[PDB]
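Student: The following block contains the structure, expressed as structure tokens.
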Amino acid sequence: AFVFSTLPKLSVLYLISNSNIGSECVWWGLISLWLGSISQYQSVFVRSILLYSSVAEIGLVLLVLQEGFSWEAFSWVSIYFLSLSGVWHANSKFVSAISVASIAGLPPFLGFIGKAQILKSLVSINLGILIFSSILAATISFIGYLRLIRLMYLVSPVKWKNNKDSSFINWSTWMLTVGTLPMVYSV
Amino acid sequence: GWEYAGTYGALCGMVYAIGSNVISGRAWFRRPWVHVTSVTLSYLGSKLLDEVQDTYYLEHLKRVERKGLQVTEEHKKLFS
Amino acid sequence: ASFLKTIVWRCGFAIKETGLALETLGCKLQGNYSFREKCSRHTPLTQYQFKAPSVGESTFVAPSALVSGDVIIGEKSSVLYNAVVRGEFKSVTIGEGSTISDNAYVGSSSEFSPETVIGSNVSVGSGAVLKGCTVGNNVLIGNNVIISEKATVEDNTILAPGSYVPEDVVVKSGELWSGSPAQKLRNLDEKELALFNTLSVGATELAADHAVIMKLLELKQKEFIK
Amino acid sequence: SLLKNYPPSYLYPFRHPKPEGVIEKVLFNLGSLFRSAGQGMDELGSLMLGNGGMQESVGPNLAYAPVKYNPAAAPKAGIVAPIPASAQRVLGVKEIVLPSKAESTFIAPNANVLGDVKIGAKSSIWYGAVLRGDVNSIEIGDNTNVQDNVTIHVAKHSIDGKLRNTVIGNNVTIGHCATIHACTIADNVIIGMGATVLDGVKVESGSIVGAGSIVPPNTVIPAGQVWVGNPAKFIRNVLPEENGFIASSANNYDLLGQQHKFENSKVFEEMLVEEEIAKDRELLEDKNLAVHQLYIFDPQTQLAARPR
Amino acid sequence: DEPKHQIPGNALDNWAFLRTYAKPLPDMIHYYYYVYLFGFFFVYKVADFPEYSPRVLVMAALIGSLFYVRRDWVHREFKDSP
Amino acid sequence: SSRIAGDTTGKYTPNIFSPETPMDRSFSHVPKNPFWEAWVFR
Amino acid sequence: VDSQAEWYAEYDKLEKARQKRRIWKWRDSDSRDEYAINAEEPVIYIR
Amino acid sequence: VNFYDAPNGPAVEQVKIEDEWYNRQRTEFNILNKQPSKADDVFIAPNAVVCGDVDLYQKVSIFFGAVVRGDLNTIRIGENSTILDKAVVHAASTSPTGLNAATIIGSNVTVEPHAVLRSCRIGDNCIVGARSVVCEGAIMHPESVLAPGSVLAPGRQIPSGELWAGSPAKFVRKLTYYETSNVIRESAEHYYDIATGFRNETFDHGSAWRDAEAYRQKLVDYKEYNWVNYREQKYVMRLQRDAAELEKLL
Amino acid sequence: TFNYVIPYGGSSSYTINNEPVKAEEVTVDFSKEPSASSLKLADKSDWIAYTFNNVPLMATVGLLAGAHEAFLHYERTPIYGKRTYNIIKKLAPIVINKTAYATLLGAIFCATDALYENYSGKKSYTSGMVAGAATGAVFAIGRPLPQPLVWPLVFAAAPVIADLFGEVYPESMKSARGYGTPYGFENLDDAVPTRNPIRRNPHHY
Amino acid sequence: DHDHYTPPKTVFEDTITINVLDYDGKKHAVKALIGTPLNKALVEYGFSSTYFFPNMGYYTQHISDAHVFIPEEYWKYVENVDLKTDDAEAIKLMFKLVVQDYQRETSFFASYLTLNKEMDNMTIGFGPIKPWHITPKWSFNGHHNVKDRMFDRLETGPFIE
Ligand SMILES: CCCCCCCCCCCCCCCCCC(=O)OC[C@H](COP(=O)([O-])OCC(O)COP(=O)([O-])OC[C@@H](COC(=O)CCCCCCCCCCCCCCCCC)OC(=O)CCCCCCCCCCCCCCCCC)OC(=O)CCCCCCCCCCCCCCCCC
Ligand SMILES: CCCCCCCCCCCCCCCCCC(=O)OC[C@H](COP(=O)([O-])OCC(O)COP(=O)([O-])OC[C@@H](COC(=O)CCCCCCCCCCCCCCCCC)OC(=O)CCCCCCCCCCCCCCCCC)OC(=O)CCCCCCCCCCCCCCCCC
Ligand SMILES: CCCCCCCCCCCCCCCCCC(=O)OC[C@H](COP(=O)([O-])OCC(O)COP(=O)([O-])OC[C@@H](COC(=O)CCCCCCCCCCCCCCCCC)OC(=O)CCCCCCCCCCCCCCCCC)OC(=O)CCCCCCCCCCCCCCCCC
Ligand SMILES: CCCCCCCCCCCCCCCCCC(=O)O[C@@H](COC(=O)CCCCCCCCCCCCCCC)COP(=O)(O)OCC[N+](C)(C)C
Ligand SMILES: CCCCCCCCCCCCCCCCCCCC(=O)O[C@H](COC(=O)CCCCCCCCCCCCCC)COP(=O)(O)OCCN
């Protein structure tokens, strides 16, 4: 689920950007942003929260990519990959918390840079409805991510399988923490 | 570009070694070999990243000049 | 200061850890996997950082026994089999002629434990739990006697087997105490008072014989190793 | 097994066979260099670590341990054995008493059985049990389980001639952390966990001593009675069902002893091989692997049994 | 014992109301097929729609949000009757 | 029935097994009221 | 401690960064298909 | 003797205790099909023995001399629970009460030295005193303390917030709010800090193998060492047993 | 200012004006102008015409909602069991009623908006507020107590939100460029572009 | 002041036996303590993992629930739930996804019934459950042929397989 919710996207974004496959309609990204955020808030299962987060974000990213902001989508996909790696390959509560925070967009982590690129692109196009929707939908999504943080450290004792196969997971968590300062030039 | 990339990279390598020890439940000082390797690799990667960023900055300056942006000598100085 | 010693320990430990890791890598390259054998890694006199058990020349410490941390054991004393003497948190002192019997625990590992002091000619019975207490000279402790923290046992006293001494209770000299809440039973007769030295010297003799047999065991192990 | 082409490294994980290839020989020599440099660094670090240097050595086997033979007081329970000539010319002890154990007996490696100890068939001495027969003989009967951290002690008979040997009868259960001094225990008795039996106590057959009970010295516990308390006193008579419980407990601990003996007795090479078997069992749990299509693996040892 | 929130309703009546959600559940593929098909045709048609005022669009979105019925709502109230 | 938990000398130990209740910080807690607690909740 | 020099140096550094940012923000489409906007660029297509 | 249906197979070679020249006791070992489970931060002292189906949760500390035997039934130790010196935790096959016979230990439970727990339920934030026996079927409720030298008879319960003492354990006093909230949890945290300290100075593979290796090398040089394919021998032994059992007429 | 003595910010002279300077030498626009259709639909001159042009949207939304609910009902009904009743007779009211109610509400909103704008004669926020309020009043005709207050507010607010972020926002922030020199500050020495950046071609889908 | 202390009852006194009809139809006597929820009592006895499902609530998935049939006389002891809260959302979700058609008027969840002295010798039965899925690890195919125990599952609840 992790590898096929991130890797395929890069190819589609490259095709759209290079082949001028953009539409004037903003309804589809606006819909994805609102549906995804509301469905993330109303979803009991944690897999659905993570799946709907990608819907919302890729809706916003679609809106940004139609307007020609290729560099920002290619940087976003890489940050999103690194952010999703630790939540999906859950083994440690701390790694998962740092991942959820990066997906949420908290400023100390690399996820903030990725979200910032998209939001910065949005203010350039100067579409008010998109910005308002983005703020409200992001708040709704944040509530779902807070639910995820609550489930791990504030609901009940948590015991997980000792799947000690963190190939790139430690590196990804490090890259999320450390990477914010090097990539600050972009935003 | 950044004049503090080497220092940052060394400190980040330390961040990797300590963080990896802490996540696994070991103390920060454990596995000393990991610390040297992490520090060196992170320092080199940070430096390499800075050259890559500079190279693409200069490529962009070339492109914008070709397009027609009338960049001055001082602007051509901004991009090392 | 303490910080300097901590830094020196951390440096030496890092060097030793790296050395052992390089030895393990050499074994892996050679194809020998003897390093992965899980055998008893118990050490009779374990040291925590720089705190190491001080031991007298005539003392007998059983191989199965664990003397941990800074424990000063006086001459002609014996810590017998499967006895745990823990002095890591706070120091433990054992006087001349004192014997710790089999499966006995003596320690000061509670957070608020006072420093344990054991006097001369004190025999701790098999199974006694001693935690942060002062024992005076010529005291006989019972088999399962529990002595709580801050309790003091005065000289020339016997604690009957199974007695529990609560905290801050002083056991007076020349008396016999018994019961879960220890209370004085009778004054010690002259024969018991004289018996203490004989018991101590007998324990020392037994410890010497055990030491000789232990040396025989070391020679046997040496033959296989070398 | 179906296949005979298994890599030598796979067949002998504990020690690979002598290197034959040029690359393998170079790797061996490099490993020798790494081992020597590592031992050097280890020694340098040990100097900084200070007194003791955190050194570690193999521990002696105290499960079957000798005791100094007394020419005056001949051994009663254990056998007496000579000591290697060299140790004689160094130590000077002519002979040493050694414990006497039957083949079925299980003794834990942790346990310390010393000197004049006779253990019957099917009896089990568990972890941490110290049985010291230095001064007097200890006799343990058949199907008797000495549990964890039990200390059995003896004394000298003395001028009076009061018998200070410990005789434990058949089908007796000594509970965890119990301390037994110079006492006699008859057959089919359960000693509770934590109970201290002092010198001179005779426990008759069919009785149960309660947990954490100190039986006062020179006290005869009559048959079929349960005694509990710091000064052990009679509470009730043993129920008919409880005799069955006693026997069941002894038989169960006999089976437990057999299982523990089996697990502990395996040699290191076998333990490592079994660790690899277990690891490959975990890896092979996934049934969509390509190797599963090729062959069906034996469950106990993950070796190819038949083609699929 | 601690102060607790009062629960409106009787225990058995509330449980009975909750039990009206325990009905044969259709598979979601049937709904998804139709939504995918019509959605594709809708996207193709949307390119040809006239440009509408932002105010009209927002009002249409409001009306659609108000008139949308959650799937659970129909599920609980569905009766196989005339 | 009560004992002084605090020791100025620094040799403070919690006698968790003491029959007598320690005069710890919990000695001075005020007794709550079932009706006041429900008023606070309301 | 020459405060005037430090202030002018800091202001200059910020102004240079702002200028570099604005130059960086001038970005035409990089689409391979979009030959018209990028006519002067030297590209080779292997297709 | 040899268990032929063992999960990992029969034992090709079994060594007698008389022949062992060194101590080979393992701190964690599997008894037949039952495997102990441990978290990464669980400290098991070298002296300690943990066998069978024992599940050790995060921050569990097993100190020197402690035996946690999970042969008859399952033992679960909760988070930040410390088993101190010479303390034996065992499980019975069946309990007299008729409930589950697993020895479940909750979080922040301190088992003081020489205390034996068998087939008992110890609630969270509890302290068992020194030389205290908890018998089969006894349930100790959370925030309760058993004083040193006390016996909980089979099938008995200690209520929450109470200190109990005596050989036939009886109520002494109600624990204060401060004791239950802070002292009990603090004791477990102190023993956790001691175990963490012990864990920091322990090497992954201590230099105790070298002595055994020296003997193995000597044998190899004198050509007495033999290379045994244990997996093949186990397969062959099982085949022979099955043939023999089929042949047997009674 | 970053001081406690003088007021922060600054003052600009009203008398002195700065002559406009073009952002670039040549301006290429990739943004297409509004279509004749957009202007036709936006024309509120004749209320009836305005209403009939803009109702298709409300009708479509009502049809989608009714189709959704009808499908949900249809999916549950069992094919294997024969049903006495006709499914279409049960389902057709759902769709028809939803479409009719949606169209009626959108007609009320469009009519009131056009009528107020004509009577007032000015394009203003109030026209949207009064159209929303009237629609919300019609929505809450028989609803319990809170709803009469809440719906006129939510409905009135919706045209306010549309006006603020659909019309005022873009016109307010038209001048900002992002390339070359800041809009207000052209004296500063920043790289000057010959042509504006063209990030995308005019759309055609 | 200083009223009489009430000594606690022994486990033997406070153990109640409940007859539980399993899916295969066998009747098991499940000894239980007064004051324990039914779900926990059933889990301790040793029923398989297939017989239980996580409570499908936002923050209650750690709890393991079972579909049970309660006799009309013991309906009083079931716990009331507020519809306007999320506990109702939990119950509605478990009915919609697990019970489905196999619902009966006697159908209830074990967590909402607490064992008491008056529930001695009560006969309860496991109600049929439909195949359900949350995560690949936490799911039910529909085959009650595994011989494990729900007790032996250390993992608290679903999250990410
Ligand atoms: C050592 C010198 C390196 C310095 C510069 C590098 C360039 C020289 C390449 C030299 C190789 C070093 C690799 C470094 C870069 C990799 C690029 C590259 O290699 O190709 C580029 C180069 C030419 O392309 P170009 O320079 O990009 O310019 C083309 C146009 O300008 C069009 O391309 P464009 O896209 O770059 O256009 C400009 C672009 C502007 O684009 C940029 O500004 C790029 C910014 C740089 C970001 C760097 C991160 C990218 C991640 C990739 C990591 C590198 C992996 C290495 C893979 C190759 C390994 C060799 O403008 C845009 O708007 C487009 C959007 C671009 C994407 C947006 C950037 C965001 C990226 C994601 C960042 C988000 C952060 C995530 C985490 C960050 C945490 C710190 O190609 C080559 O020179 C030949 C390729 C040969 C590679 C392998 C062949 C050798 C071996 C042959 C046989 C192999 C089999 C045997 C194996 C042997 C070993 C066992
Ligand atoms: C920042 C802004 C962001 C922007 C960009 C960011 C950049 C992005 C990318 C950046 C990525 C950074 C984060 C990733 C970090 C990479 C992960 C990592 O840290 O390592 C993972 C990995 C994890 O190890 P592990 O956690 O133990 O688990 C592996 C298992 O053991 C599994 O066991 P195994 O079966 O797999 O065993 C294979 C492996 C793993 O095996 C092991 O790791 C076992 C331990 C190896 C032996 C011990 C190392 C010996 C010397 C280390 C020096 C430590 C000094 C501390 C104490 C001082 C002692 C006096 O064996 C190896 O070590 C292969 C390497 C060959 C070297 C072995 C040693 C050769 C002899 C010494 C060479 C020269 C001696 C000079 C001085 C000697 C003493 C100072 O660590 C290593 O594999 C170590 C690699 C090399 C070992 C140290 C060699 C250093 C050379 C000696 C120091 C001289 C100064 C160095 C400069 C000049 C170099 C010659
Ligand atoms: C014959 C086949 C049957 C299908 C019929 C047609 C087939 C489709 C053909 C074409 C489909 C493309 C276009 C249809 C709509 C696009 C949605 C879609 O297709 O996703 C797949 C969707 C199923 O996807 P799913 O992922 O499996 O379900 C996720 C849900 O969790 C599902 O779980 P749930 O239903 O149980 O949970 C529902 C949840 C899901 O949440 C949502 O529905 C999120 C949607 C929110 C807005 C969506 C973006 C709006 C932008 C529209 C763009 C155009 C206007 C431009 C400018 C507008 C600026 C906003 O919302 C609710 O809780 C109910 C409330 C409804 C909206 C909540 C917002 C209320 C705000 C009103 C304030 C008034 C309250 C004040 C008083 C309060 C007191 C404190 O299929 C459909 O629902 C299609 C049914 C078509 C009915 C739509 C009704 C009107 C359509 C246009 C109006 C735009 C608003 C959308 C409203 C509801 C849409 C779901
Ligand atoms: C400027 C850099 C910043 C930009 C970021 C993008 C650029 C990347 C730069 C650095 C990339 C580093 C990637 C880190 C990967 C971490 C290493 C790793 O994953 O090792 C695995 C490798 O696992 C494998 O599967 C090994 C298979 C292949 C091994 C490596 C393949 C090497 C191929 C050659 C690569 C050279 C590149 C070729 C030319 C560029 C081992 O983990 P496990 O053993 O599976 O589990 C770990 C268990 N535990 C940690 C808990 C102890
Ligand atoms: C997020 C904004 C949403 C508004 C929130 C208000 C509270 C919601 C309650 C619902 C009430 C419906 C919305 C009414 C808000 C408009 C303010 C009324 C003021 C007013 O009537 O003047 C109009 C202009 O104001 C205007 O229409 C423009 C004023 C912009 C609205 C206020 C902006 C900041 C409010 C945010 C506060 C906190 C945010 C949290 C929601 C008329 O103008 P005219 O041109 O027609 O002159 C007349 C010539 N005919």
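Following the order of the structure tokens, chains are lettered A, B, ..., residues in each are numbered from 1, and ligands are numbered from 1.
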Give as a PyMOL selection string every residue of chain C that touches chain H within 6 Å, counting only C-alpha atoms.

Tutor: chain C and resi 35+38-42+225

Student: What does the file look like for those residues with N, CA, C and O atoms, as a PDB file, in the first residue's frame?

Tutor:
ATOM      1  N   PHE C  35      31.569 -16.989  19.072  1.00  0.00           N
ATOM      2  CA  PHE C  35      31.166 -15.808  19.825  1.00  0.00           C
ATOM      3  C   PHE C  35      29.679 -15.814  20.156  1.00  0.00           C
ATOM      4  O   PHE C  35      29.263 -15.113  21.083  1.00  0.00           O
ATOM      5  N   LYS C  38      25.834 -18.876  23.989  1.00  0.00           N
ATOM      6  CA  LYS C  38      25.235 -18.302  25.185  1.00  0.00           C
ATOM      7  C   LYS C  38      25.571 -19.220  26.352  1.00  0.00           C
ATOM      8  O   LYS C  38      24.925 -20.251  26.555  1.00  0.00           O
ATOM      9  N   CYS C  39      26.589 -18.842  27.112  1.00  0.00           N
ATOM     10  CA  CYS C  39      27.006 -19.562  28.300  1.00  0.00           C
ATOM     11  C   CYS C  39      26.845 -18.628  29.487  1.00  0.00           C
ATOM     12  O   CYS C  39      26.573 -17.436  29.327  1.00  0.00           O
ATOM     13  N   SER C  40      26.992 -19.174  30.688  1.00  0.00           N
ATOM     14  CA  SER C  40      26.827 -18.344  31.872  1.00  0.00           C
ATOM     15  C   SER C  40      27.892 -17.258  31.882  1.00  0.00           C
ATOM     16  O   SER C  40      29.086 -17.550  31.996  1.00  0.00           O
ATOM     17  N   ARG C  41      27.463 -16.003  31.764  1.00  0.00           N
ATOM     18  CA  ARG C  41      28.381 -14.876  31.810  1.00  0.00           C
ATOM     19  C   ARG C  41      28.488 -14.293  33.208  1.00  0.00           C
ATOM     20  O   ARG C  41      28.885 -13.134  33.364  1.00  0.00           O
ATOM     21  N   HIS C  42      28.132 -15.077  34.220  1.00  0.00           N
ATOM     22  CA  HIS C  42      28.175 -14.614  35.596  1.00  0.00           C
ATOM     23  C   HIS C  42      29.618 -14.427  36.043  1.00  0.00           C
ATOM     24  O   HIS C  42      30.482 -15.266  35.773  1.00  0.00           O
ATOM     25  N   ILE C 225      41.375 -25.448  28.851  1.00  0.00           N
ATOM     26  CA  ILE C 225      41.612 -24.203  28.121  1.00  0.00           C
ATOM     27  C   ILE C 225      43.036 -24.161  27.577  1.00  0.00           C
ATOM     28  O   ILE C 225      43.262 -23.804  26.415  1.00  0.00           O
TER      29      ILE C 225
END

Student: Give the alpha helix (DSSP H) residues of region 81-245 of chain H, as DSSP finds them on the backbone, and put them as a PyMOL selection string.

Tutor: chain H and resi 177-178+184-200+209-221+230-245

Student: In Å, with one decimal, what is the gap from CA of residue 27 (chain A) to atom 64 (C, counted along the ligand's line) of ligand 3?

Tutor: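 Atom 64 (C, counted along the ligand's line) of ligand 3 lies 18.3 Å from CA of residue 27 (chain A).
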
Student: Using only C-alpha atoms and all ligand atoms, can you tell me which of A:119, A:101, A:82, A:135 comes closest to ligand 4?

Tutor: A:82

Student: Would you kindly report the residues of chain C within 9 Å of chain B, using only C-alpha atoms, as a ChimeraX atom specification?

Tutor: /C:10,14-15,17-18,21

Student: Pick the closest to chain A from H:37, H:82, H:61, H:95: which is it, counting only C-alpha atoms?

Tutor: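 The answer is H:37, which sits nearest to chain A.
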
Student: For chain G, report every residue with an atom at most 6 Å from chain A (counting only C-alpha atoms), formatted as a list in words.

Tutor: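 Listed by rising number, the hits are residues 31, 32 and 33 of chain G.
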
Student: So that I can see what lies close to region 10-18 of chain J, please list as a ChimeraX atom specification the residues with an atom at most 10 Å from it, counting only C-alpha atoms and leaving out residues fewer than 4 positions away in the same chain.

Tutor: /H:96-99,137-139,153-158 /J:27-35,38,41-42,115-124

Student: Hey, which residues sit close to ligand 5? Say within 6 Å, counting only C-alpha atoms and all ligand atoms, and write them as a list in words.

Tutor: residues 124, 125, 126, 153, 154, 156, 157 and 160 of chain I

Student: Give me, as an MDAnalysis selection string, the set of residues whose atoms come within 8 Å of any atom of ligand 4, counting only C-alpha atoms and all ligand atoms.

Tutor: (chainID A and resid 164:172 175 179) or (chainID B and resid 24 45:46 48:49)

Student: Keeping only C-alpha atoms, write the selected residues as a PDB file, in the first residue's frame.

Tutor:
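Once written, result19.pdb looks like this:
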ATOM      1  CA  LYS A 164      12.901  -5.488  13.465  1.00  0.00           C
ATOM      2  CA  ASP A 165      13.282  -4.842   9.748  1.00  0.00           C
ATOM      3  CA  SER A 166      13.772  -1.060   9.691  1.00  0.00           C
ATOM      4  CA  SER A 167      15.772  -0.969   6.472  1.00  0.00           C
ATOM      5  CA  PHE A 168      15.377   2.699   5.529  1.00  0.00           C
ATOM      6  CA  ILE A 169      13.002   3.624   8.374  1.00  0.00           C
ATOM      7  CA  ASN A 170      15.636   5.044  10.726  1.00  0.00           C
ATOM      8  CA  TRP A 171      17.195   6.887   7.795  1.00  0.00           C
ATOM      9  CA  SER A 172      13.788   8.276   6.780  1.00  0.00           C
ATOM     10  CA  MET A 175      15.960  12.661   6.933  1.00  0.00           C
ATOM     11  CA  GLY A 179      16.232  17.714   6.220  1.00  0.00           C
TER      12      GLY A 179
ATOM     13  CA  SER B  24      16.465   0.673  19.851  1.00  0.00           C
ATOM     14  CA  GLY B  45      26.216  14.241   1.991  1.00  0.00           C
ATOM     15  CA  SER B  46      25.551  17.753   3.301  1.00  0.00           C
ATOM     16  CA  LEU B  48      27.434  17.289  -1.824  1.00  0.00           C
ATOM     17  CA  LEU B  49      23.923  18.655  -1.416  1.00  0.00           C
TER      18      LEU B  49
END

Student: Could the residues that lie within 8 Å of ligand 2, counting only C-alpha atoms and all ligand atoms, be listed as a ChimeraX atom specification?

Tutor: /A:171,174-175,178-179,181-182 /B:5,8-13,16-17,31-49 /C:11,14-25,28 /D:34,41

Student: Which chain F residues are at most 7 Å from chain H (counting only C-alpha atoms), as a ChimeraX atom specification?

Tutor: /F:17,19,25-26

Student: Could you write out the selected residues, including N, CA and C atoms, as a short mmCIF file (atom, residue, chain, number, x, y, z; two decimals), in the first residue's frame?

Tutor:
data_model
loop_
_atom_site.label_atom_id
_atom_site.label_comp_id
_atom_site.auth_asym_id
_atom_site.auth_seq_id
_atom_site.Cartn_x
_atom_site.Cartn_y
_atom_site.Cartn_z
N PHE F 17 5.62 -0.60 54.69
CA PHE F 17 5.09 -1.73 55.44
C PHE F 17 4.73 -1.38 56.88
N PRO F 19 2.78 -0.52 60.15
CA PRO F 19 1.38 -0.59 60.57
C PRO F 19 0.76 0.78 60.75
N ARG F 25 2.15 13.97 52.90
CA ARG F 25 1.40 15.11 52.38
C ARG F 25 -0.09 14.80 52.34
N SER F 26 -0.46 13.52 52.27
CA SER F 26 -1.84 13.09 52.18
C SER F 26 -2.60 13.26 53.49
#

Student: Do you know which residues are at most 6 Å from residue 173 (chain C) counting only C-alpha atoms, after dropping those on the same chain fewer than 5 positions away, and could you put them as a PDB file with N, CA and C atoms, in the first residue's frame?

Tutor:
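Saved file selection-v6.pdb follows:
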ATOM      1  N   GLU C 154      22.226  -4.908  67.872  1.00  0.00           N
ATOM      2  CA  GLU C 154      23.341  -4.670  68.772  1.00  0.00           C
ATOM      3  C   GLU C 154      24.175  -5.939  68.931  1.00  0.00           C
ATOM      4  N   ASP C 155      25.347  -5.776  69.538  1.00  0.00           N
ATOM      5  CA  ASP C 155      26.294  -6.872  69.658  1.00  0.00           C
ATOM      6  C   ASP C 155      25.721  -8.002  70.512  1.00  0.00           C
ATOM      7  N   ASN C 156      26.306  -9.188  70.349  1.00  0.00           N
ATOM      8  CA  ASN C 156      25.984 -10.359  71.166  1.00  0.00           C
ATOM      9  C   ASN C 156      24.492 -10.692  71.153  1.00  0.00           C
ATOM     10  N   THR C 157      23.926 -10.835  69.956  1.00  0.00           N
ATOM     11  CA  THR C 157      22.497 -11.073  69.817  1.00  0.00           C
ATOM     12  C   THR C 157      22.259 -12.193  68.811  1.00  0.00           C
TER      13      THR C 157
END

Student: Compile the contact shell of residue 1 (chain B) as JSON, numbers by chain: residues with an atom at most 12 Å away, counting only C-alpha atoms, same-chain residues fewer than 2 positions apart removed.

Tutor: {"A": [182, 185], "B": [3, 4, 5, 6, 46, 47, 48, 49, 50, 51, 52, 53, 54, 55, 56, 57, 58, 78, 79, 80], "G": [17, 20]}

Student: I need the chosen residues saved as a PDB file, in the first residue's frame, with C-alpha atoms.

Tutor:
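Contents of result-v5.pdb, as written:
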ATOM      1  CA  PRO A 182      19.009  22.154   4.217  1.00  0.00           C
ATOM      2  CA  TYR A 185      15.963  27.553   0.485  1.00  0.00           C
TER       3      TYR A 185
ATOM      4  CA  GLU B   3      28.787  28.184   4.644  1.00  0.00           C
ATOM      5  CA  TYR B   4      27.696  25.993   7.596  1.00  0.00           C
ATOM      6  CA  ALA B   5      26.813  22.823   5.660  1.00  0.00           C
ATOM      7  CA  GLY B   6      29.838  20.863   6.904  1.00  0.00           C
ATOM      8  CA  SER B  46      25.551  17.753   3.301  1.00  0.00           C
ATOM      9  CA  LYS B  47      28.504  19.118   1.348  1.00  0.00           C
ATOM     10  CA  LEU B  48      27.434  17.289  -1.824  1.00  0.00           C
ATOM     11  CA  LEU B  49      23.923  18.655  -1.416  1.00  0.00           C
ATOM     12  CA  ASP B  50      25.326  22.176  -1.224  1.00  0.00           C
ATOM     13  CA  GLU B  51      27.287  21.739  -4.477  1.00  0.00           C
ATOM     14  CA  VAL B  52      24.228  20.260  -6.201  1.00  0.00           C
ATOM     15  CA  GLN B  53      22.110  23.224  -5.098  1.00  0.00           C
ATOM     16  CA  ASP B  54      24.771  25.662  -6.330  1.00  0.00           C
ATOM     17  CA  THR B  55      25.007  23.881  -9.689  1.00  0.00           C
ATOM     18  CA  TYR B  56      21.272  24.087 -10.267  1.00  0.00           C
ATOM     19  CA  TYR B  57      21.309  27.731  -9.166  1.00  0.00           C
ATOM     20  CA  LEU B  58      23.845  28.473 -11.886  1.00  0.00           C
ATOM     21  CA  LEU B  78      24.836  36.377  -6.248  1.00  0.00           C
ATOM     22  CA  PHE B  79      24.919  32.926  -7.887  1.00  0.00           C
ATOM     23  CA  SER B  80      28.468  31.728  -7.155  1.00  0.00           C
TER      24      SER B  80
ATOM     25  CA  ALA G  17      18.944  37.020  -0.552  1.00  0.00           C
ATOM     26  CA  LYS G  20      18.369  36.011  -5.491  1.00  0.00           C
TER      27      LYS G  20
END

Student: When you draw a straight line from CA of residue 218 (chain D) to CA of residue 186 (chain D), how long is it in Å?

Tutor: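 Spanning CA of residue 218 (chain D) to CA of residue 186 (chain D) is a straight-line distance of 15.2 Å.
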
Student: Do me a favour and pick out the residues of chain A within 10 Å of chain H, using only C-alpha atoms, as a VMD selection string.

Tutor: chain A and resid 157 159 161 to 162

Student: When you look at residue 3 (chain F) with a cut-off of 7 Å (counting only C-alpha atoms), what residues show up, excluding the ones that are within fewer than 3 positions of it in the same chain? I need them as a list in words.

Tutor: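 Contacts, with the query itself left out: residues 20, 21, 22 and 23 of chain F.
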